[PDB]
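Chemist:
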């Protein structure tokens, strides 16, 4: 399946696909205390490795972990 929501209403999942690296283009600087969110900036990268929930997933960015829509990541080739 192409890396798109394969009609499952599931944004860029990966792990199954990569996990792909993904260049974040809009993330906050949170922490794992914060909902478990990804501390990174626009232009940084986040690696989506955790396929969970029924829609959005958890990335792991060189030691940040958390969950966040694809609506602000570009991806890379794993």
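In UniProt numbering, the protein residues as written are 220 to 297. Where a beta carbon is used, it is the ideal one built from N, C-alpha and C, also for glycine.
1. Over what stretch of residues does the beta strand (DSSP E) that includes residue 241 continue unbroken?
2. Ordered along the chain, which non-local residues of its own chain (more than five positions away) have a Cβ less than 8 Å from that of residue 248?
3. What number of angstroms, rounded off, separates the C-alpha of residue 293 from the C-alpha of residue 253?
4. Taking the alpha-carbon positions, what's the residue 276 to residue 297 distance?
5. If you count every other CB in all the chains shown that lies within 10 Å of the CB of residue 225, and 16 or more means buried, which is it?
Modeler: On the basis of the data shown:
1. As a working note, residue 241 is residue 22 in the chain shown. Residue 241 -> beta strand (DSSP E) spans 239-242.
2. On the chain shown, position 29 is the one that residue 248 refers to. Counting only residues of its own chain and dropping the five nearest sequence neighbours on each side, residue 248 has a CB closer than 8 Å to the CB of 258, 259, 260.
3. Start at 1 with the first residue of the chain shown, and residue 293 comes out as number 74. Start at 1 with the first residue of the chain shown, and residue 253 comes out as number 34. Rounded to the nearest whole angstrom, the C-alpha separation of residue 293 and residue 253 is 23 Å.
4. Counted from its first residue, the chain shown places residue 276 at position 57. Counted from its first residue, the chain shown places residue 297 at position 78. Those two C-alpha atoms are separated by around 16 Å.
5. To locate residue 225, count along the chain shown from 1; it is residue 6. Exposure of residue 225 is indicated by the presence of fewer than 16 other C-beta atoms within 10 angstroms of its C-beta.
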